[PDB]
């Protein structure tokens, strides 16, 4: 099983009328932080090394895990004094990774993915994204892929009916990004438009929630009792 980088350094929730102070991955989900439930699932999947890539309120998150760590996997921390963006965060985490490939997950997402099958599907690529097929994709960003599942573009939310959720979970070869010329950048907005290698989606019907979406918060609290 690959090393996992969890991106958890962004600000609190930002909705049209509501702004949060707590980091989104630390929202309480029926007695445990959302992040803890993600980490527990990863440990169940065989993950032995988790890197938490932090910035906003990094000391709050670390202090929480020092006191109550839900897993026995190794847990490393990397603190960004100034937010490096999602892409800069990944580039920065490459320092810690000795292997040629690793997993990136957004800390505000919880997906009951089969990571062994995801790794197998990624063997012939340097970048693979997890796409989640749902009957109603309206509240999610989605993926525009062709009939070989090559990713053509990322689509903004606001689309009724079926679609493939842009999960933000990737398997990548660190060589594609470790030496990206900028230290601060967005993975989706700066890196992906430039990347010229093979980029396909692993598409499954896995359970998916994004804790930044209010309806998914209620779904999560109900799911975990």
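Positions refer to the first chain, counted from 1.
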| property | result |
| --- | --- |
| Higher-B stretch (mean Cα B-factor, as the entry records it), 66 to 74 or 152 to 160 | 152 to 160 |
| Comparing 125 to 133 with 99 to 107, the one whose average Cα B-factor in the PDB entry is higher | 125 to 133 |
| Among modelled residues of the same chain, the CA temperature factor third for residue 216 | highest |
| Third of the chain, ranked by Cα B-factor, where residue 39 sits | lowest |
| Third of the chain, ranked by Cα B-factor, where residue 116 sits | highest |
| Ranked against its chain, the third holding the CA B-factor of residue 198 | highest |
| Relative C-alpha B-factor of residue 147, binned into the chain's lowest, middle or highest third | middle |
